[PDB]
């Protein structure tokens, strides 16, 4: 029944409170999502100062309920099934040869708006590493987000790696260890193993004079085989 909430365009609000090596910051975001296309469009602004980490490192932290699940995979969409009461999404993110983020978020409907509220804490970053040295290019790659059921927690375990392009031509890897658990007592869908295929585009708004990020994302689920009846259907 949660998926019925996503048949059209849904407004989104994102609120992040962060602390990285003691640098405190907050981010606010707004836009909309259209799960029929797996599409998200959002604008984020840094409320206080220049963001103390590079914008691309926050993309994953800043609503996988907007992924497009093809028809034959609808029974494996945990994210929508938990709505409207929502889910808790927690991550540890390990930046290779650098620090880590730990995040806890609640994703739920607040009226007709899908809201992602996050607390982020980062530690052990190197003052002249790629993160605190702001050596990441302002762009974003395509990824595979691997999802498995976690029966003990009535939720999911999610693991993937992000590749951040570095201005010297190298790559900064960020390994993501994620878990999601429903907030409500209602039944959820616990999926077979599968993955999301992602693509994100980062851009800027010349009229926005605050430090900011404009994001366009498309995400489709995959990794569950079509049955022969579906493959050969007329």
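Positions refer to the first chain, counted from 1.
Classify the number of deposited-sequence residues missing from the model between residue 62 and residue 63: none, 1 to 3, 4 to 9, or 10 or more.
Gap between residue 62 and residue 63: 1 to 3 unmodelled residues.
Going by the average Cα B-factor in the PDB entry, point out whether 140-148 or 72-80 comes out higher.
Stretch with the greater average CA B-factor: 72-80.
Comparing 158-166 with 120-128, where is the mean C-alpha B-factor higher?
Averaging CA B-factors over each stretch, the winner is 120-128.
Of 40, 190, 197, 173, which one's C-alpha B factor is largest in the deposited record?
Highest C-alpha B-factor among the listed options: 190.
Among 178, 47, 203, 67, where is the Cα B factor highest in this entry?
Reading the PDB entry, the winner on C-alpha B-factor is 47.
Third of the chain's Cα B-factor distribution that residue 91 belongs to, per the entry
Tercile = lowest for this residue's CA B-factor.
By its CA B factor, does residue 28 count among the lowest, middle or highest third of the modelled residues in the chain?
As the PDB entry reports it, the C-alpha B-factor of residue 28 lands in the middle third of its chain.
Chain third (lowest, middle, highest) by recorded CA B-factor, residue given as residue 183
CA B-factor rank for residue 183: highest third.
Ranked against its chain, the third holding the CA B-factor of residue 20
CA B-factor rank for residue 20: highest third.
Relative C-alpha B-factor of residue 10, binned into the chain's lowest, middle or highest third:
Its C-alpha B-factor, which the entry lists for residue 10, ranks in the highest third among residues of this chain.
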